[PDB]
Number of protein chains: 2
Amino acid sequence: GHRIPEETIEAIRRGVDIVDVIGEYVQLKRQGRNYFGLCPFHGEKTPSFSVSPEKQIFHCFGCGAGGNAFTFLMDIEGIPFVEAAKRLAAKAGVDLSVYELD
Amino acid sequence: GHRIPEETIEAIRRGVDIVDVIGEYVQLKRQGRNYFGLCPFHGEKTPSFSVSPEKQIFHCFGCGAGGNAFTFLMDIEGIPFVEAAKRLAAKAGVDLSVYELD
Ligand SMILES: [Zn+2]
Ligand SMILES: [Zn+2]
């Protein structure tokens, strides 16, 4: 479980687009149905980072990093799950004030 | 937060005690300033669930569930926030019929 109800965590995830989220940190270019760019987690000159709008997940073929929007924001900023859930909740339009976290 | 005014949500939270709310689902026993019992969210033989009267929150270290009375009710019964708020408002003495929810 978490300090945010399961159902609400679900609504947050469904309310955001991982491409929009990652695009605030990584310059992405469309290639087919996915978006690609340089991995911000590992160092290498060649693009190896991929994001899938359809699966709502990212993957890096150079370091193995990957996952959904929570995993990307907890690792890009070094912030805990409830802090990443707060920032995704604002993009999703989900209220989190009633759960007395912050 | 939704459809219930912020001041009304604070009257609900003041009007309920999470020890009393969780004690309707979990057998609790006081140990100094907290209440402890078996987790109803995850399966374990030993007690790992705690409730703080002062902070009005709960926590289970064997599964991570936790938070306030809203989180507890929504996750224990699998109900949305409006239903959880109507149940806690009935215990708090707060009338919500004038806000036109459901
Ligand atoms: Zn990488
Ligand atoms: Zn548990």
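The analysis underlying the following values was restricted to heavy atoms, covering all of them including side chains, and did not include hydrogens, waters or symmetry mates. Here is how names work: the chains are called A, B, and so on, in the same order as the sequence lines, proteins then strands, and each is numbered from 1.
- A chain of hydrophobic side-chain contacts below 4.5 Å, direct or via other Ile, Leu, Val, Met, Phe, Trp or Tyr residues, connects A:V21 to A:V94.
- Residue pairs that meet the side-chain hydrogen bond (donor to acceptor under 3.5 Å, both in side chains) test with at least one member in residues 79-89 of chain B, sequence neighbours left out, are B:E77-B:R87.
- Distance check: A:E6 CD to B:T71 OG1 gives 11.5 Å after rounding to the nearest 0.5 Å.
- Taking CZ from A:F36 and CD from A:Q27, the interatomic distance works out to 14.5 Å, rounded to the nearest 0.5 Å.
- The side chain to side chain donor-acceptor pair (under 3.5 Å) check on B:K91 picks up B:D20, B:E24, with sequence neighbours excluded.
- Grouping the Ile, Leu, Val, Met, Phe, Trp and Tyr side chains by contacts below 4.5 angstrom, directly or via other members, places B:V26 with B:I76.
- To the nearest 0.5 Å, the span separating CD1 on B:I12 from CG on B:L88 amounts to 7.0 Å.
- Counting only residues at least two apart or on different chains, the ring-ring contact (aromatic ring centres under 6.0 Å, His included) pairs with a member in residues 5-32 of chain A are A:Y25-A:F72.
- Under the rule for a side-chain contact (heavy atoms from CB on, under 4.5 Å), the partners of A:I9 that lie at least two apart in sequence or sit in another chain are A:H2, A:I4, A:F70, A:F81.
- Connection of A:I22 to A:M74 is established within a shared hydrophobic cluster, with ILVMFWY side chains joined at heavy-atom distances below 4.5 Å, either directly or through further cluster members.
- Hydrophobic clustering places B:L28 together with B:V16 (ILVMFWY residues linked when any side-chain heavy atoms are closer than 4.5 Å, directly or through intermediates).
- Applying the side-chain hydrogen bond (donor to acceptor under 3.5 Å, both in side chains) test to every pair with at least one member in residues 47-61 of chain B, sequence neighbours left out, gives no pairs at all.
- Partners of B:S97 under the side chain to side chain donor-acceptor pair (under 3.5 Å) rule, at least two apart in sequence or in another chain, are B:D95.
- Applying the side-chain contact (heavy atoms from CB on, under 4.5 Å) criterion to A:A65, with sequence neighbours excluded, gives A:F41, A:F58, A:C60, A:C63.
- For the side chain to side chain donor-acceptor pair (under 3.5 Å) test, residues two or more places apart in sequence or in another chain that qualify with B:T8 are B:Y99.
- A:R30 meets the side-chain contact (heavy atoms from CB on, under 4.5 Å) test with A:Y35; sequence neighbours excluded.
- For A:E10, the salt bridge (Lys or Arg N to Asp or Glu O under 4.0 Å) partners are A:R14, not counting sequence neighbours.
- In terms of the side-chain contact (heavy atoms from CB on, under 4.5 Å) criterion, residue partners of B:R3 (sequence neighbours excluded) are, by chain and number, B:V82, B:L101.
- A pairwise comparison of heavy atoms in B:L96 and B:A89 identifies CD1-CB, 3.5 Å as the closest pair.
- Here B:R13 pairs with A:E100 under the side chain to side chain donor-acceptor pair (under 3.5 Å) rule; sequence neighbours left out.
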